[PDB]
Amino acid sequence: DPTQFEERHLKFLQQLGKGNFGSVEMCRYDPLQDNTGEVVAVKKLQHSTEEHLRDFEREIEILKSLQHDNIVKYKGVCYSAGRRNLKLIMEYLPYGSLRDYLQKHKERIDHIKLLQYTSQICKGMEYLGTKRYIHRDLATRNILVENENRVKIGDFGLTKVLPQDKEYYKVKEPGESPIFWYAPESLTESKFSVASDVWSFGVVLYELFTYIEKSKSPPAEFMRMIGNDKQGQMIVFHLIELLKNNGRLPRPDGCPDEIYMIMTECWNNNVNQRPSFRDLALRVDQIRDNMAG
Ligand SMILES: N#CCC1(n2cc(-c3ncnc4[nH]ccc34)cn2)CN(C2CCN(C(=O)c3ccnc(C(F)(F)F)c3F)CC2)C1
(Lines give C-alpha, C1' and ligand atoms only; values in the text may rest on other atoms or scores of the structure.)
Protein backbone atom coordinates (compact mmCIF):
# COMPACT_ATOMS: atom_id res chain seq x y z
CA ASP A 1 0.00 0.00 0.00
CA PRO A 2 1.73 3.20 -1.19
CA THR A 3 -0.77 5.41 0.68
CA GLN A 4 -0.08 3.90 4.12
CA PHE A 5 3.15 5.85 4.75
CA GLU A 6 3.31 8.89 2.46
CA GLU A 7 6.74 10.50 2.35
CA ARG A 8 5.39 14.00 3.03
CA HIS A 9 3.95 12.98 6.43
CA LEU A 10 7.08 11.11 7.58
CA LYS A 11 9.01 13.57 9.74
CA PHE A 12 12.63 13.20 10.81
CA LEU A 13 13.44 12.88 14.52
CA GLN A 14 16.93 11.34 14.83
CA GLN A 15 19.62 9.32 13.10
CA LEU A 16 19.91 5.85 14.67
CA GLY A 17 22.43 3.73 12.78
CA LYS A 18 24.32 3.77 9.49
CA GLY A 19 26.65 1.50 7.58
CA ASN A 20 28.04 1.03 4.08
CA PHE A 21 24.78 -0.26 2.62
CA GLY A 22 21.95 0.83 4.93
CA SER A 23 20.77 3.40 7.45
CA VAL A 24 18.00 3.56 10.06
CA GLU A 25 16.34 6.75 11.31
CA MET A 26 13.72 7.66 13.89
CA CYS A 27 10.74 9.43 12.32
CA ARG A 28 7.25 10.53 13.30
CA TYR A 29 4.34 9.69 11.01
CA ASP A 30 2.02 12.69 11.47
CA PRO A 31 -0.79 12.50 8.88
CA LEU A 32 -2.78 15.23 10.68
CA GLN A 33 0.17 17.66 10.95
CA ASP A 34 -0.97 18.35 14.52
CA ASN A 35 2.44 17.62 16.14
CA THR A 36 1.24 14.09 17.01
CA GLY A 37 1.55 10.65 15.42
CA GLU A 38 3.43 7.46 16.25
CA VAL A 39 7.22 7.27 16.21
CA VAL A 40 8.65 4.78 13.72
CA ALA A 41 12.00 3.46 12.55
CA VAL A 42 12.84 3.84 8.86
CA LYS A 43 15.44 1.73 7.09
CA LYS A 44 16.80 2.91 3.75
CA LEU A 45 19.59 1.79 1.50
CA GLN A 46 22.97 3.48 1.17
CA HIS A 47 25.00 3.29 -2.05
CA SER A 48 21.97 1.69 -3.66
CA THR A 49 22.07 -0.38 -6.84
CA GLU A 50 19.50 -2.28 -8.87
CA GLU A 51 20.77 -5.51 -7.29
CA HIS A 52 20.59 -4.09 -3.76
CA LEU A 53 17.10 -2.72 -4.24
CA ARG A 54 16.00 -6.18 -5.41
CA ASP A 55 17.51 -7.67 -2.24
CA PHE A 56 15.89 -4.93 -0.14
CA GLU A 57 12.57 -5.93 -1.67
CA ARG A 58 13.21 -9.50 -0.52
CA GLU A 59 14.18 -8.24 2.93
CA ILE A 60 10.92 -6.29 3.16
CA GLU A 61 8.83 -9.31 2.17
CA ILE A 62 10.69 -11.42 4.75
CA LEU A 63 10.04 -8.98 7.60
CA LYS A 64 6.40 -8.52 6.57
CA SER A 65 5.93 -12.31 6.81
CA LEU A 66 7.15 -12.33 10.44
CA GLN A 67 4.92 -11.70 13.46
CA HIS A 68 6.54 -12.62 16.78
CA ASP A 69 7.09 -10.98 20.16
CA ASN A 70 10.87 -11.21 19.62
CA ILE A 71 10.96 -9.98 16.00
CA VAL A 72 10.84 -6.23 15.34
CA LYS A 73 7.39 -5.30 14.03
CA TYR A 74 6.95 -4.53 10.35
CA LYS A 75 4.68 -1.55 9.74
CA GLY A 76 4.84 -0.81 6.02
CA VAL A 77 6.75 0.76 3.16
CA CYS A 78 7.25 4.33 2.05
CA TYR A 79 7.54 4.65 -1.74
CA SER A 80 9.48 7.89 -1.52
CA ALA A 81 11.03 10.06 -4.23
CA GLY A 82 7.63 10.29 -5.91
CA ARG A 83 7.23 6.49 -5.69
CA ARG A 84 10.61 5.86 -7.34
CA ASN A 85 12.35 4.56 -4.20
CA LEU A 86 11.76 2.22 -1.27
CA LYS A 87 11.99 2.77 2.49
CA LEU A 88 11.05 0.18 5.13
CA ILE A 89 8.90 1.27 8.08
CA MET A 90 9.19 -0.56 11.41
CA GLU A 91 8.21 -0.01 15.02
CA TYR A 92 10.73 2.03 17.01
CA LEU A 93 12.41 0.32 19.98
CA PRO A 94 13.83 3.00 22.27
CA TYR A 95 16.91 1.43 23.94
CA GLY A 96 18.74 0.74 20.70
CA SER A 97 20.93 -2.21 19.91
CA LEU A 98 21.65 -4.83 22.55
CA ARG A 99 25.35 -4.29 21.88
CA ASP A 100 25.08 -0.65 22.98
CA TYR A 101 22.60 -1.39 25.79
CA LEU A 102 24.96 -3.91 27.40
CA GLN A 103 27.65 -1.21 27.47
CA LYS A 104 25.48 1.78 28.34
CA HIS A 105 23.14 0.23 30.92
CA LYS A 106 25.19 -2.26 32.92
CA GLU A 107 23.46 -0.82 35.99
CA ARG A 108 20.25 -2.70 35.16
CA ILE A 109 21.71 -5.96 33.80
CA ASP A 110 22.42 -9.11 35.81
CA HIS A 111 22.71 -12.77 34.86
CA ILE A 112 18.93 -13.28 35.15
CA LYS A 113 18.32 -10.56 32.56
CA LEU A 114 21.03 -12.03 30.32
CA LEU A 115 19.31 -15.44 30.37
CA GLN A 116 15.94 -13.83 29.65
CA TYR A 117 17.45 -12.06 26.62
CA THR A 118 19.07 -15.36 25.60
CA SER A 119 15.71 -17.17 25.82
CA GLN A 120 13.93 -14.45 23.82
CA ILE A 121 16.54 -14.49 21.02
CA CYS A 122 16.23 -18.28 20.75
CA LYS A 123 12.45 -18.07 20.50
CA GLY A 124 12.63 -15.50 17.74
CA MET A 125 15.03 -17.83 15.95
CA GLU A 126 12.80 -20.87 16.47
CA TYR A 127 10.14 -18.86 14.63
CA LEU A 128 12.43 -17.91 11.75
CA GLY A 129 13.26 -21.58 11.32
CA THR A 130 9.58 -22.41 10.85
CA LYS A 131 9.65 -20.09 7.80
CA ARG A 132 12.90 -21.72 6.57
CA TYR A 133 14.59 -18.33 6.90
CA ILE A 134 18.33 -18.27 7.63
CA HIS A 135 19.30 -15.02 9.35
CA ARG A 136 23.07 -15.13 8.60
CA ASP A 137 23.85 -12.00 10.67
CA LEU A 138 22.98 -12.91 14.26
CA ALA A 139 24.94 -10.63 16.64
CA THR A 140 24.07 -8.31 19.51
CA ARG A 141 24.47 -5.38 17.08
CA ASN A 142 21.37 -6.68 15.24
CA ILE A 143 19.29 -7.30 18.36
CA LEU A 144 17.18 -4.43 19.71
CA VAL A 145 16.02 -3.59 23.23
CA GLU A 146 12.39 -2.55 23.67
CA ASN A 147 12.76 -2.32 27.46
CA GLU A 148 14.54 -4.00 30.38
CA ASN A 149 12.26 -7.00 29.84
CA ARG A 150 12.21 -7.53 26.08
CA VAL A 151 14.60 -7.77 23.15
CA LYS A 152 13.82 -8.43 19.49
CA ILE A 153 15.85 -9.47 16.47
CA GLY A 154 16.10 -6.14 14.72
CA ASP A 155 17.51 -6.48 11.21
CA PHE A 156 17.07 -9.02 8.39
CA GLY A 157 19.24 -7.55 5.64
CA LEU A 158 21.24 -10.74 5.08
CA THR A 159 18.37 -13.18 5.62
CA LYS A 160 17.86 -15.89 3.00
CA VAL A 161 15.08 -18.40 2.32
CA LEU A 162 16.23 -22.01 2.13
CA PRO A 163 15.68 -23.81 -1.19
CA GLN A 164 12.60 -26.01 -1.10
CA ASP A 165 14.69 -29.19 -1.22
CA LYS A 166 17.88 -28.21 0.66
CA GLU A 167 18.69 -27.55 4.31
CA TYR A 168 21.46 -25.10 3.46
CA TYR A 169 21.75 -21.96 1.28
CA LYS A 170 25.01 -21.60 -0.68
CA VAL A 171 25.78 -17.90 -1.09
CA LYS A 172 27.40 -17.21 -4.47
CA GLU A 173 27.75 -13.41 -4.29
CA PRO A 174 29.47 -12.83 -0.92
CA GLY A 175 29.81 -9.21 0.12
CA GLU A 176 30.42 -7.77 3.58
CA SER A 177 30.79 -10.86 5.78
CA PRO A 178 30.90 -10.81 9.63
CA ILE A 179 33.53 -13.52 9.67
CA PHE A 180 34.00 -13.68 13.45
CA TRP A 181 30.38 -14.83 13.84
CA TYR A 182 30.60 -17.35 10.99
CA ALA A 183 30.43 -21.11 11.33
CA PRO A 184 33.44 -22.95 9.84
CA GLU A 185 31.43 -24.40 6.96
CA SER A 186 30.23 -20.88 6.16
CA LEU A 187 33.84 -19.72 5.96
CA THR A 188 35.05 -22.69 3.91
CA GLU A 189 32.03 -23.58 1.75
CA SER A 190 29.77 -20.47 1.82
CA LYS A 191 27.00 -22.67 3.27
CA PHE A 192 24.40 -21.17 5.60
CA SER A 193 21.76 -23.10 7.50
CA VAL A 194 19.76 -23.09 10.70
CA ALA A 195 22.81 -24.82 12.21
CA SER A 196 25.15 -21.96 11.23
CA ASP A 197 22.68 -19.54 12.83
CA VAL A 198 23.03 -21.69 15.98
CA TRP A 199 26.81 -21.31 15.71
CA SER A 200 26.38 -17.53 15.49
CA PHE A 201 23.96 -17.63 18.42
CA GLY A 202 26.79 -19.21 20.43
CA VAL A 203 28.81 -16.07 19.70
CA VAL A 204 25.82 -13.90 20.70
CA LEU A 205 25.72 -15.70 24.05
CA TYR A 206 29.44 -15.04 24.46
CA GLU A 207 28.81 -11.38 23.68
CA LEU A 208 26.08 -11.15 26.31
CA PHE A 209 28.34 -12.49 29.02
CA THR A 210 31.40 -10.44 28.10
CA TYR A 211 29.08 -7.44 28.66
CA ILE A 212 30.70 -6.00 25.52
CA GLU A 213 34.02 -5.19 27.18
CA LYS A 214 35.76 -3.84 24.09
CA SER A 215 38.85 -6.00 24.67
CA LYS A 216 36.58 -9.06 24.88
CA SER A 217 34.61 -8.59 21.65
CA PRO A 218 34.83 -11.58 19.30
CA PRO A 219 36.89 -9.67 16.70
CA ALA A 220 39.33 -8.44 19.36
CA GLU A 221 39.63 -11.86 21.00
CA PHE A 222 40.05 -13.72 17.71
CA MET A 223 42.66 -11.21 16.52
CA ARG A 224 44.59 -11.68 19.76
CA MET A 225 44.55 -15.43 19.19
CA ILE A 226 45.44 -15.09 15.49
CA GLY A 227 48.00 -12.32 15.91
CA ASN A 228 47.16 -8.62 15.76
CA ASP A 229 49.90 -8.14 13.15
CA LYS A 230 48.01 -10.15 10.55
CA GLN A 231 46.16 -8.41 7.74
CA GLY A 232 44.07 -9.30 4.72
CA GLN A 233 43.16 -12.84 3.78
CA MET A 234 45.83 -14.19 6.12
CA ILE A 235 43.37 -13.31 8.91
CA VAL A 236 40.72 -15.52 7.31
CA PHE A 237 43.21 -18.31 6.69
CA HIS A 238 44.23 -18.39 10.36
CA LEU A 239 40.63 -18.06 11.55
CA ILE A 240 39.62 -21.11 9.51
CA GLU A 241 42.61 -23.12 10.70
CA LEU A 242 41.94 -22.05 14.29
CA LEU A 243 38.27 -23.04 14.24
CA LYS A 244 38.68 -26.35 12.40
CA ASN A 245 41.09 -27.54 15.12
CA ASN A 246 38.92 -26.56 18.10
CA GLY A 247 40.18 -23.04 18.77
CA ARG A 248 37.44 -21.10 20.52
CA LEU A 249 36.60 -17.84 22.25
CA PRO A 250 37.42 -18.13 25.99
CA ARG A 251 34.89 -18.38 28.79
CA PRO A 252 34.03 -14.79 29.81
CA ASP A 253 34.92 -13.47 33.24
CA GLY A 254 32.15 -14.44 35.65
CA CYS A 255 30.40 -16.68 33.15
CA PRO A 256 28.87 -19.82 34.71
CA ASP A 257 30.37 -23.04 33.39
CA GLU A 258 26.89 -24.19 32.35
CA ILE A 259 26.39 -21.15 30.11
CA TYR A 260 29.86 -21.60 28.66
CA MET A 261 28.95 -25.23 27.96
CA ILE A 262 25.96 -24.09 25.91
CA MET A 263 28.29 -21.83 23.94
CA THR A 264 30.70 -24.69 23.24
CA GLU A 265 27.91 -27.01 22.08
CA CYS A 266 26.72 -24.37 19.60
CA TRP A 267 30.33 -24.15 18.39
CA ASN A 268 30.42 -27.74 17.14
CA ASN A 269 32.27 -28.26 13.86
CA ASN A 270 29.81 -31.14 13.28
CA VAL A 271 26.80 -29.25 11.92
CA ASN A 272 24.26 -31.96 12.78
CA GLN A 273 25.38 -32.18 16.43
CA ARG A 274 24.63 -28.53 17.15
CA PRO A 275 21.51 -28.14 19.31
CA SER A 276 18.33 -26.67 17.86
CA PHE A 277 16.94 -23.30 18.85
CA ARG A 278 14.07 -25.23 20.49
CA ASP A 279 16.56 -27.26 22.53
CA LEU A 280 18.28 -24.05 23.55
CA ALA A 281 15.17 -22.11 24.55
CA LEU A 282 14.00 -25.05 26.66
CA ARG A 283 17.41 -25.56 28.24
CA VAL A 284 17.78 -21.88 29.12
CA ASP A 285 14.23 -21.54 30.46
CA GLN A 286 14.82 -24.65 32.60
CA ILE A 287 17.98 -23.06 34.04
CA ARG A 288 15.90 -19.96 34.84
CA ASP A 289 13.03 -22.04 36.23
CA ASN A 290 15.21 -24.36 38.31
CA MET A 291 16.45 -21.43 40.39
CA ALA A 292 14.84 -20.76 43.75
CA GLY A 293 11.60 -18.81 43.51
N1 LIG B 1 19.12 -4.12 14.65
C2 LIG B 1 20.06 -3.54 14.24
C3 LIG B 1 21.24 -2.63 13.85
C4 LIG B 1 20.79 -1.49 12.88
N5 LIG B 1 19.91 -0.55 13.71
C6 LIG B 1 18.55 -0.72 13.89
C7 LIG B 1 18.08 0.31 14.72
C8 LIG B 1 16.67 0.50 15.26
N9 LIG B 1 16.61 1.24 16.39
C10 LIG B 1 15.37 1.42 17.00
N11 LIG B 1 14.21 0.90 16.54
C12 LIG B 1 14.24 0.12 15.39
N13 LIG B 1 13.21 -0.57 14.67
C14 LIG B 1 13.80 -1.21 13.57
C15 LIG B 1 15.15 -0.95 13.58
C16 LIG B 1 15.48 -0.12 14.71
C17 LIG B 1 19.26 1.06 15.08
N18 LIG B 1 20.36 0.54 14.46
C19 LIG B 1 22.03 -0.89 12.16
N20 LIG B 1 21.62 -1.68 11.00
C21 LIG B 1 21.56 -0.78 9.83
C22 LIG B 1 22.79 0.11 9.41
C23 LIG B 1 23.93 -0.80 9.10
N24 LIG B 1 23.71 -1.84 8.08
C25 LIG B 1 24.39 -1.90 6.79
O26 LIG B 1 25.27 -1.09 6.49
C27 LIG B 1 24.09 -3.05 5.72
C28 LIG B 1 25.07 -4.02 5.40
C29 LIG B 1 24.80 -5.05 4.46
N30 LIG B 1 23.60 -5.14 3.84
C31 LIG B 1 22.63 -4.22 4.13
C32 LIG B 1 21.23 -4.36 3.38
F33 LIG B 1 20.89 -3.19 2.80
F34 LIG B 1 21.27 -5.32 2.44
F35 LIG B 1 20.24 -4.65 4.24
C36 LIG B 1 22.81 -3.15 5.06
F37 LIG B 1 21.82 -2.29 5.29
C38 LIG B 1 22.59 -2.71 8.64
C39 LIG B 1 21.30 -1.96 8.80
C40 LIG B 1 20.21 -1.99 11.54
Side-chain angles (χ1 to χ4, degrees), residues 70-71 98-99 102 111 113-130 132-143 151-153 158-160 162 167-169 177-212 216-222 225 239-288:
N70 305 122
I71 299 291
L98 187 48
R99 190 181 66 192
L102 289 167
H111 281 193
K113 286 279 126 185
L114 287 188
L115 295 178
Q116 186 185 23
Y117 303 161
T118 302
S119 173
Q120 284 166 8
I121 294 162
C122 286
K123 292 174 182 166
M125 286 305 301
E126 288 180 63
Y127 179 61
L128 255 70
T130 72
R132 292 176 64 76
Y133 298 166
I134 311 308
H135 187 271
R136 296 183 60 245
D137 200 12
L138 209 54
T140 64
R141 71 183 160 270
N142 289 326
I143 307 303
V151 302
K152 312 194 188 186
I153 304 166
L158 303 188
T159 298
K160 303 290 202 199
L162 285 171
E167 297 309 295
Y168 65 86
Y169 187 97
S177 291
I179 58 168
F180 296 117
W181 282 255
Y182 269 11
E185 74 276 7
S186 300
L187 292 163
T188 65
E189 303 186 53
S190 302
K191 288 164 82 157
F192 297 82
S193 61
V194 171
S196 58
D197 281 349
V198 169
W199 177 288
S200 298
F201 168 79
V203 185
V204 167
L205 185 53
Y206 171 88
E207 290 186 81
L208 292 180
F209 275 84
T210 68
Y211 275 88
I212 311 306
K216 306 305 184 182
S217 74
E221 275 297 312
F222 276 123
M225 298 173 65
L239 176 59
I240 291 165
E241 188 64 22
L242 180 157
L243 291 174
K244 287 176 72 186
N245 300 295
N246 193 49
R248 299 292 187 261
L249 295 164
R251 178 181 63 78
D253 299 354
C255 181
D257 286 349
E258 186 174 21
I259 302 315
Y260 189 61
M261 187 187 318
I262 291 168
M263 289 179 209
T264 59
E265 297 175 12
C266 297
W267 299 331
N268 197 320
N269 290 357
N270 189 315
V271 178
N272 304 130
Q273 293 169 18
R274 288 169 202 160
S276 73
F277 281 113
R278 191 179 315 131
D279 296 333
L280 290 162
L282 278 169
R283 182 157 169 194
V284 170
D285 282 354
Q286 286 161 355
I287 291 172
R288 300 167 61 205

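The first residue in the sequence is number 1, and the count goes up from there. Basis for what follows: all heavy atoms, side chains included, without hydrogens, waters or symmetry-related copies.
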Side chain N142, main chain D137, donor-acceptor under 3.5 Å:
yes
Given side chains that start at C-beta, do those of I71 and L128 come closer than 4.5 Å, heavy atoms only?
yes
Verify side-chain contact (heavy atoms from CB on, under 4.5 Å) between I259 and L208, making sure each step is shown before the conclusion.
CA-CA 11 Å; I259 302 315; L208 292 180; over 6 Å; no
Non-hydrogen side-chain atoms of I121 and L98 separated by less than 4.5 Å:
yes
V151 to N70 - nearest heavy-atom pair and separation
O-ND2, 3.2 Å
Within the structure provided, determine whether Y211 and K216 are in side-chain contact (heavy-atom separation under 4.5 Å).
no
Any side-chain to backbone donor/acceptor pair from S177 onto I179? Under 3.5 Å, distance only.
no
Pairwise side-chain contact, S196 with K191, heavy-atom cut-off 4.5 Å (strictly under)
no
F222 side chain reached by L243 side chain, heavy atoms, under 4.5 Å
yes
Working to the nearest 0.5 Å, report the span between CD of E207 and CH2 of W181.
5.0 Å
If every non-hydrogen atom of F180 is compared with every non-hydrogen atom of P218, which pair is closest and at what distance?
O-CB, 4.3 Å
Taking C-beta and beyond as the side chain, do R274 and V271 meet within less than 4.5 Å on heavy atoms?
yes
Verify side-chain contact (heavy atoms from CB on, under 4.5 Å) between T159 and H135, making sure each step is shown before the conclusion.
CA-CA 4 Å; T159 298; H135 187 271; 3.7 Å; yes
Verify, without hydrogens or angle tests, whether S119 (side chain) and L115 (backbone) share a donor-acceptor contact under 3.5 angstrom.
no
Correct closest heavy-atom pair for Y206 and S217 would be CE2-C, 4.5 Å
Roughly how far apart are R288 CZ and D285 CG, rounded to 0.5 Å?
4.5 Å
Rounded to the nearest 0.5 Å, how far apart are NZ of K123 and CG of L280?
12.0 Å
What distance separates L138 CG from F277 CZ, expressed to the nearest 0.5 Å?
6.0 Å
Checking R248 against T264 for the side-chain contact (heavy atoms from CB on, under 4.5 Å) test, could you report, in this order, the C-alpha distance in whole Å, the side-chain angles of both residues, the deciding distance, and whether it holds?
CA-CA 8 Å; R248 299 292 187 261; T264 59; 5.7 Å; no
Any chance you could measure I134, atom CD1, to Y169, atom OH, to the nearest 0.5 Å?
11.0 Å
Side-chain contact, heavy-atom cut-off 4.5 Å: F209 with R251?
no
Should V203 and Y182 count as side-chain neighbours, where that means a heavy-atom distance under 4.5 Å?
no
Which atom pair, heavy atoms only, marks the closest approach of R136 to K160?
CD-CG, 3.6 Å
How far does CE of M263 sit from SG of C255, to the nearest 0.5 angstrom?
4.0 Å
Parallel, tilted or perpendicular, as decided by the 30° and 60° cut-offs, for the rings of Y260 and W267
perpendicular
Is the shortest distance from a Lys or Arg side-chain nitrogen in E167 or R132 to a carboxylate oxygen in the other one below 4.0 Å?
yes
Between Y168 and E185, does the side-chain contact (heavy atoms from CB on, under 4.5 Å) criterion hold? Intermediate values first, please.
CA-CA 11 Å; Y168 65 86; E185 74 276 7; over 6 Å; no
